[PDB]
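S.K.: How does the following fold in three dimensions:
(chains A, B, C, D and E, ligands or ions: 2)
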Amino acid sequence: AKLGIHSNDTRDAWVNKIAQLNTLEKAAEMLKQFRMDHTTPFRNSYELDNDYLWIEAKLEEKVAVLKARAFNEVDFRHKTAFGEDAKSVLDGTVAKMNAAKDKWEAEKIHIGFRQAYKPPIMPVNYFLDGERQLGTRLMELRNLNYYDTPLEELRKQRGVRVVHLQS
Amino acid sequence: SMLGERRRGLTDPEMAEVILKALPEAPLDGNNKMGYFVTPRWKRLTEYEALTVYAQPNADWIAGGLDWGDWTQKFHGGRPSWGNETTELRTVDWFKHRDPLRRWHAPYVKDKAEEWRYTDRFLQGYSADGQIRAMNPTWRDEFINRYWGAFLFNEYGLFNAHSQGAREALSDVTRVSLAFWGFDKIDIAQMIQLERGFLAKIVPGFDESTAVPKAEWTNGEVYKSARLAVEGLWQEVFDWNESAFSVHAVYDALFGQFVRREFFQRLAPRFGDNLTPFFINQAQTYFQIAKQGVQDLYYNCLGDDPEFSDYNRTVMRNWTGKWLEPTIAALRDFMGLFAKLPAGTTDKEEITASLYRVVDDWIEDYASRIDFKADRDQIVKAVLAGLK
Amino acid sequence: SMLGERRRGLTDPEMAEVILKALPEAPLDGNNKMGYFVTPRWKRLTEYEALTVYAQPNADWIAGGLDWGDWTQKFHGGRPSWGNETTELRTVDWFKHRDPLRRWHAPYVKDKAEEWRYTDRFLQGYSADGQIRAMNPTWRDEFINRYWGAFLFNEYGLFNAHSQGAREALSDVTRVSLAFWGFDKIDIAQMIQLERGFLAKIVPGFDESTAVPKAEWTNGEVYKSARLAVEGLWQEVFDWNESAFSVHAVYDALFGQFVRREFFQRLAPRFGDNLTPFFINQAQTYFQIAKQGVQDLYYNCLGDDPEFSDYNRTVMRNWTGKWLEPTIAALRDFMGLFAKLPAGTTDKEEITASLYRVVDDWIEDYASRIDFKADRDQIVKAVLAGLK
Amino acid sequence: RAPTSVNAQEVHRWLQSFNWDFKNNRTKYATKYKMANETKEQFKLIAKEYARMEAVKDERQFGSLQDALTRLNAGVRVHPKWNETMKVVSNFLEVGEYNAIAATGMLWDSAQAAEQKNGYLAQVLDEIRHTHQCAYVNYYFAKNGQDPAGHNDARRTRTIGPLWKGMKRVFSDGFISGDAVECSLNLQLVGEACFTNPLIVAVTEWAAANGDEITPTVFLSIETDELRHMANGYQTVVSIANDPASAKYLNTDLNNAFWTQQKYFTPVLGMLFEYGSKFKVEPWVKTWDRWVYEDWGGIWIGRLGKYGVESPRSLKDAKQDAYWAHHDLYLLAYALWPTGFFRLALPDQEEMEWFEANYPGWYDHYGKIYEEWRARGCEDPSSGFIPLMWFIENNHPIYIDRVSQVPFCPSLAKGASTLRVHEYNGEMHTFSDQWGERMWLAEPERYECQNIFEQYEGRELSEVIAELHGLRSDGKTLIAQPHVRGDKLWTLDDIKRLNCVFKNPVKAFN
Amino acid sequence: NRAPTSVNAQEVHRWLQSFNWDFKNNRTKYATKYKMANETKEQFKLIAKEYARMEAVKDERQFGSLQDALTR
Ligand SMILES: [Co+2]
Ligand SMILES: [Co+2]
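M.R.: Numbering: from 1, shown residues only, chains lettered A, B, ... in the order given. Ligands and ions are numbered 1, 2, ... in the order given. I have put the structure below:
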């Protein structure tokens, strides 16, 4: 076949797939789906681990190009690729983050925000303003009494399956 | 001791012989050109390129990167150390940019250092020559101290607008250019204060305190919209390219050029002021140097990108429209300063003509490059409304 | 080869071993300061002095010399290589002089090199910035080209007046200063032409040829007395000190300072010309540099000589008078230039104020140092008696 | 009318006033801390003066390099092993310098006091100079040295090997990804203060001893700038000491930063020093204890106690796992020599004595191993042997720490032999210590770096090397070598003949 | 156009010859049996500024090597 670090069948396959995304809604939906399926520790699968970063970028290039052509200037600056009001989404997410009861709740909010609104879905200005606010709260909740929970209990909280231990 | 206790392998007979013995008969590869794999912008690869291109460890998922895989440590939440998500602009390769002046650190501080030492000599010659005697007192105490002074805050703000870009720039060549554009802006702010400090040493009673020009900046009318635009450009823009582009290809290109060149550089000489023009000369030199880099990055590389040319121009045209209005408002408020001048200093025709020079230069050097349809007379008309 | 065929004593194991073996355990004299026997002008001996004082092989028969005996080879006739007979001034020691700026070759070319590179950068910014658009076309095509240009020959002639001094100077410290004073002068003349060459490039129709400015200098009326004064100081004076003193503490201090500072540096700004002042900033920085040197030699050393103070002041007062006349004459002829200026440029009130600035700075900086009784009113009156 | 002028301090006097208030005047980055807007900076510089003092340093530096040193053939008369060491030392430090540019740009953004922004600004500019300086060292050795390969393309050939991954954690991502304050700690309070500055001096020492006068010329110049960078790290702590958040999070971010930095440098620096040189300067063991334990974790860290700063709680473990760390790692680096961009050598007889002498027990463990690899013909291209094979035969799996990226072989290491393997949402993760594991468990999304085995899984060795341009200009001889001699250099074909295919060791787990 | 423009040494030197003019005492002050042609050209077309710069560069390397590497 054709394997390789920077060029392989998987990447070619996605380039062809992306080439057929010719309307904003279809392309934007696929990018969002891709992020749910292949990014973050909560991805639905690790099958594209070695190529998802690169494929996501190529998918992003297409959504961006389609958005610029479909959106008027005001919407390109203030609406998400899905037609949502960026400010509303940002404020609502931040509000949710500030209500978070704990670091576990907070991490889900932040990570999901990225998966769903990362540019070119949400305009860069709003997204990084979100990163600014959500990240602060996430860290405040996480870095409090950071070492109190013993490794034995933390593993359980994270919910990992302890496969092998030695010491 | 005279010889010292530390033995060096280059000179110590015993150690050197050990080293010489392990050496090969000739180099293990005849390719002695570091950075040979870099696509040269010019005829032959330059030192500037070799020492700079690919220093940034980007992976292939950030256009042009040669590495592979994710970052080793990201932000809480998952944000990458550097990522495509930090700017709306897209490109086939972020490493394509080239500073036309090929400035890496050494050449950069060398030129500024020369400018620093000559400035000192100029000032010592200026003071010793007593040239201050022929400067109009009103121009000196009110327009230089208060109004030129308040402009240091404009330049200071534009400097700070670069902070985020220094962190998010997606390539080494772009980070170095940005850093230098920002550094030149703070230099100018400091040169404005430098002149004020100088005047305070040669002119009895001249207060170098920044209190007066700062109050003009924060609470006056002449610079109100300018300050509003600067505060936005700096703190309300989270996109490093929107920031650099809007600062250099919109706001500073119009408002900045008008204030520095069409007001102070143009009028100071009329009041016997060769002092301020010495410093404005530096600012304009810096402005023209940065312009070459700004045009190479935004027009040559991004606006003319083989795959994203149309997309980037749409985005930049978007930004131009977004920031043109605040920039016009800034110029409009600034028109109020002309009423503060001694009668006969200048008139509406000169002012209008000077507005057109700035607008026409901007359309030729910037707007036209991205097909932005600017209407010269409509822009000027909007600004003139500010003439009190 | 990779190692080369040449073996070096510092790195070759065999040779270095032999060298190290012959070395003493410690220096054979703890006095590691070259020029230690030199009498410091300041707190601690400077590199400037160490590398310069006593380089000239003068024997004790030339005030200050440390050598002995006649010269090995003299001129046909018997004239000494260097001798007391080449200058009227006498001193207890010709090595007393000290350039206040402590300039030996290195610092000297470093500073001028910085000025050169900044000048180039400035011109590239100026042209790219289109600052020429606001410059008075008449001022440029007539006063800058013809009258400012013609002044290059004045400076050039003053440069050449230093040729004999370069040969006859009785000490190293004096020879170096003299050489730098003259080199700065030709620099200025070349900078004048540089501007004209610059204009020719950015202003179509502008002819850089020296034909016009030369004819004005050679046959004109404005600089007639000026040229006569130059030709005499240069080719009719055979005393190296009279030449240096008369050129720097009389002629250029009065005429030159007036033309550069009180005419062009003062009026150019009124015609939207920041270009010419950029170059005059240099000429004036240079003038002020040289002045400290001239003052230290003729006043601090000679004029205040613990044994010939009285004698030297007499000779200089004599020279001051001898040349104060041709200078005044030069200044009167120059006045006729104001008549060619567009109406409203300047009034007799301003001119009188400028003349007094020159005359007063001159009395304060030179004439009063040798107790020369100058009459500010009489001088200004004599010069003014040449206006339109 | 006397000659007068204005200096930097006279202008700097009013710099704090340059910043003004407005609703949105705030940092654009997420942070648990608040930097006081009254914070002052130590050096009263302005752009013009900063440029001059640096230009003066460049003058002397490039003057030496271009004239005297070149005339002396300094680029060549260096020990072969050290010519290779500098390919890694100079290029890896380069990325640290580079990322410190972005890192300090981020601190400049974080700071609200004009003077503190200015302090960080000078560092931004300094890290640009340092990047270019490290670049110049590689540039100079490529142009005038005994082996240009690696020195001439490290920016892309560095991507083949596992050692590069960890460098990015401590000197790239660690400098810019996270709370600005957390980054400041990794960069200035820990990174530069504990390792970088001491390292810079040490490198010039080892360099001079091995005939290299190029590096001292550049690095000694870099060192003069780092004095100011220390003040930035100190002022960071000062700017946040009076903020309630500080008591809550400072020592945690500091402890995490300390572990992060220590984890990579404790083994890597010692490895480049002891194994990358002919003439030794000092055993890594005592150098480490002085730097980390004595000077930093005692003297430097103590002076900050007045701001609530405490000694890193993980300092004890760090010391415990320190002793054999670098030794354990060279075994791996050499076993994986075909993946580097530099040539490595087995310890010679004299060296083994030094090693055994300075590290009782070294021979019985590592010594014997190297002798067997030697016996198996690891230096010979016709042997068809690569130390990696030995690890496979003797069932000694090499894992990559998901967090630090540092390679470890717990079944062989004389130092830490702890291994934690977790499965989470369909992915396996391997950790080598309790501190890194904690980091991943609490911040899973920050550490998703794929390791070389994951990326190269199922790939034949020669194909990876060829694809990532790991060859010399002849297009056949490998850049990396199992020996530093000038003859019998391995070719891509010698590697292909070995038919070495990578596999992800964690897959063995059920 | 507003293209970045400057002037170099050669460009100024081209007119250097005309810098001298005819006049009265325009002659050497030193005894000599020969007459140097007043039309004589020089090989290197330099002006004070460029001269200074080319020498400054050499000084840079020289003193750099002396104060730094050589001293070390
Ligand atoms: Co650094
Ligand atoms: Co640093």
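S.K.: is the strand or helix carrying residue D:60 up against chain C anywhere?
M.R.: Element membership for residue D:60, per DSSP states H and E: helix D:47-66. No: using C-beta under 8 Å from any C-beta of the partner chain, helix D:47-66 never reaches chain C; the gap is at least 9.8 Å. (Each C-beta comes from the backbone N, C-alpha and C, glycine too.)
S.K.: can you pull the buried residues of that helix?
M.R.: D:47-55, D:57-65 (16 or more other C-beta atoms under 10 Å in any protein chain shown).
S.K.: how about that helix as PDB, C-alpha atoms only?
M.R.: The C-alpha trace of helix D:47-66 is given here as PDB (Å, rounded to 0.1, in the frame of the first residue of the first chain):
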ATOM      1  CA  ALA D  47      14.800  50.100  23.200                       C
ATOM      2  CA  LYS D  48      17.700  52.200  22.000                       C
ATOM      3  CA  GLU D  49      20.000  51.400  24.900                       C
ATOM      4  CA  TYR D  50      19.000  47.700  24.900                       C
ATOM      5  CA  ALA D  51      20.100  47.500  21.200                       C
ATOM      6  CA  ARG D  52      23.400  49.200  21.900                       C
ATOM      7  CA  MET D  53      24.500  47.000  24.700                       C
ATOM      8  CA  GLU D  54      23.600  43.900  22.700                       C
ATOM      9  CA  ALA D  55      25.200  45.200  19.500                       C
ATOM     10  CA  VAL D  56      28.500  45.600  21.500                       C
ATOM     11  CA  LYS D  57      28.300  42.000  22.500                       C
ATOM     12  CA  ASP D  58      27.600  40.800  18.900                       C
ATOM     13  CA  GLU D  59      30.600  42.800  17.700                       C
ATOM     14  CA  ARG D  60      33.100  40.900  19.900                       C
ATOM     15  CA  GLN D  61      31.400  37.600  19.400                       C
ATOM     16  CA  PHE D  62      31.200  37.600  15.600                       C
ATOM     17  CA  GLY D  63      34.600  39.200  15.500                       C
ATOM     18  CA  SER D  64      36.200  36.300  17.200                       C
ATOM     19  CA  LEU D  65      34.200  33.700  15.200                       C
ATOM     20  CA  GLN D  66      34.900  35.300  11.800                       C
END
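S.K.: Can you name the element that comes right after that helix?
M.R.: Using DSSP H and E, the helix or strand that follows helix D:47-66 in sequence is helix D:68-71.
S.K.: So which other helices or strands are in contact with the helix holding residue D:60?
M.R.: Judged by 3 or more C-beta pairs under 8 Å, 6 or more residues apart in numbering or on different chains; DSSP states H and E, the packing partners of helix D:47-66 are helix B:105-128, helix B:172-202, helix D:114-144, helix D:214-241, helix E:48-65.
S.K.: want to throw those into TSV with distance to chain C and mean neighbour count?
M.R.: As requested, those are arranged in TSV below (distance: least, C-beta to the nearest C-beta, whole Å; neighbours: other C-beta atoms under 10 Å in any protein chain shown):
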stretch	distance to chain C	mean neighbour count
helix B:105-128	3	22
helix B:172-202	12	24
helix D:114-144	10	25
helix D:214-241	14	21
helix E:48-65	4	19
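S.K.: Tell me which of these sits nearest to chain A.
M.R.: Between chain A and those, the tightest spacing by C-beta to the nearest C-beta is seen for helix D:214-241, at 13.6 Å.
S.K.: what's that closest one packed up against?
M.R.: If you count contacts as 3+ C-beta pairs under 8 Å, 6+ apart, helix D:214-241 packs onto helix D:47-66, helix D:80-110, helix D:114-144, helix D:180-184, helix D:197-209, helix D:244-275.
S.K.: Make JSON lines out of the ones you listed and add distance to residue C:388.
M.R.: Shown next, in JSON lines, are the helices and strands packed on helix D:214-241 (distance: least, C-beta to C-beta, whole Å):
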{"stretch": "helix D:47-66", "distance to residue C:388": "46"}
{"stretch": "helix D:80-110", "distance to residue C:388": "61"}
{"stretch": "helix D:114-144", "distance to residue C:388": "55"}
{"stretch": "helix D:180-184", "distance to residue C:388": "70"}
{"stretch": "helix D:197-209", "distance to residue C:388": "72"}
{"stretch": "helix D:244-275", "distance to residue C:388": "77"}
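S.K.: The ones you listed: which one's closest to residue B:88?
M.R.: helix D:80-110 (19.7 Å; C-beta to C-beta).
S.K.: now residue A:17, what's its secondary structure?
M.R.: Of the three states, residue A:17 takes helix under DSSP: H, G, I helix; E, B strand; the rest coil.
S.K.: What about it, how many residues nearby?
M.R.: Residues near residue A:17, counting by other C-beta atoms under 10 Å in any protein chain shown, number 14.
S.K.: Check residue B:169 too.
M.R.: Neighbours of residue B:169 (other C-beta under 10 Å): 28.
S.K.: any idea how far the closest residue to it other than its chain neighbours lies from chain E?
M.R.: Spatial nearest neighbour of residue B:169, excluding adjacent residues (C-beta to C-beta, 6 or more residues apart in numbering or on different chains): residue B:175 at 3.8 Å. Separation of residue B:175 from chain E (C-beta to the nearest C-beta, to the nearest Å) stands at 24 Å.
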